[PDB]
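K.L.:
Fold the following and give me the result.
(chains A and B)
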Amino acid sequence: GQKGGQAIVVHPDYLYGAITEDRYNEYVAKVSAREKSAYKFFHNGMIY
Amino acid sequence: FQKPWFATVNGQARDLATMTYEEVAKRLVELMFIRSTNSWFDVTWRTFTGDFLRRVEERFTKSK
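P.N.:
Numbers count the residues shown, from 1 in each chain, chains lettered A, B, ... in the order given. Structure data below:
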């Protein structure tokens, strides 16, 4: 029933260009904090 | 107490789940290996830390 749709998705590193060294380095440290916490909960929730 | 809490690095209280494999191995040697006599207090404690290092190898290696 005539349902056209186009999505454009762009490589994420293009975002980080538009901010400062400081906010990026702040971001990286918190993503590192996400990653370890996320890894724990997933493998925890998987096996039980 | 004479048996402390295991999951403590640099005097910060953690849980065993919130440690790195590195931090555990360091903590194991800190309690089971003696600096004054330059020896493992009991041979079984060496085995324990040894098996844990094997486990680390087992986890992270890709090929045989």
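K.L.:
Tally up the residues packed near residue 37, please.
P.N.:
In the absence of a named chain, this looks at chain A. Residue A:37 has 12 neighbouring residues, counting by other CB atoms under 10 Å in any protein chain shown. Any C-beta I mention is one placed from the backbone N, CA and C, and that applies to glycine too.
K.L.:
wrong chain, I was asking about chain B
P.N.:
Here the neighbour count serves as a burial measure; for residue B:37 (other CB under 10 Å) it reads 8.
K.L.:
Next: residue A:45.
P.N.:
Residue crowding around residue A:45 was assessed by other CB under 10 Å; the count is 8.
K.L.:
which SSE is it in?
P.N.:
Residue A:45 is located in helix A:21-47, with elements delineated by DSSP states H and E.
K.L.:
Mind naming the longest helix for chain B?
P.N.:
Counting residues, the longest helix found in chain B (DSSP state H) is helix B:43-60.
K.L.:
May I see the buried residues of that one?
P.N.:
residue B:49 (16 or more other CB atoms under 10 Å in any protein chain shown).
K.L.:
One more: stretch A:29-40?
P.N.:
By 16+ other CB under 10 Å, stretch A:29-40 has no buried positions at all.
K.L.:
what's in contact with that stretch?
P.N.:
For stretch A:29-40, the external contacting residues (CB atoms under 8 Å, 6 or more residues apart in numbering or on different chains) are B:17, B:18.
K.L.:
Likewise for stretch B:24-40?
P.N.:
So stretch B:24-40 is contacted by B:4, B:6-9, B:16, B:19, B:41-42, B:45-46, B:48-49, B:52-53, B:56 (CB under 8 Å, 6+ apart).
K.L.:
run the last query once more with 7 Å
P.N.:
Stretch B:24-40 is touched from outside by B:6, B:9, B:41, B:45, B:46, B:49, B:52, B:53, with contacts defined as CB atoms under 7 Å, 6 or more residues apart in numbering or on different chains.
K.L.:
so how far does that stretch reach from one end to the other?
P.N.:
Terminal residues of stretch B:24-40 are spaced 16 Å apart (CA to CA, to the nearest Å).
K.L.:
Could you pull out the buried residues of it?
P.N.:
Residues of stretch B:24-40 classed as buried by neighbour count (16+ other CB under 10 Å): B:24, B:27, B:28, B:40.
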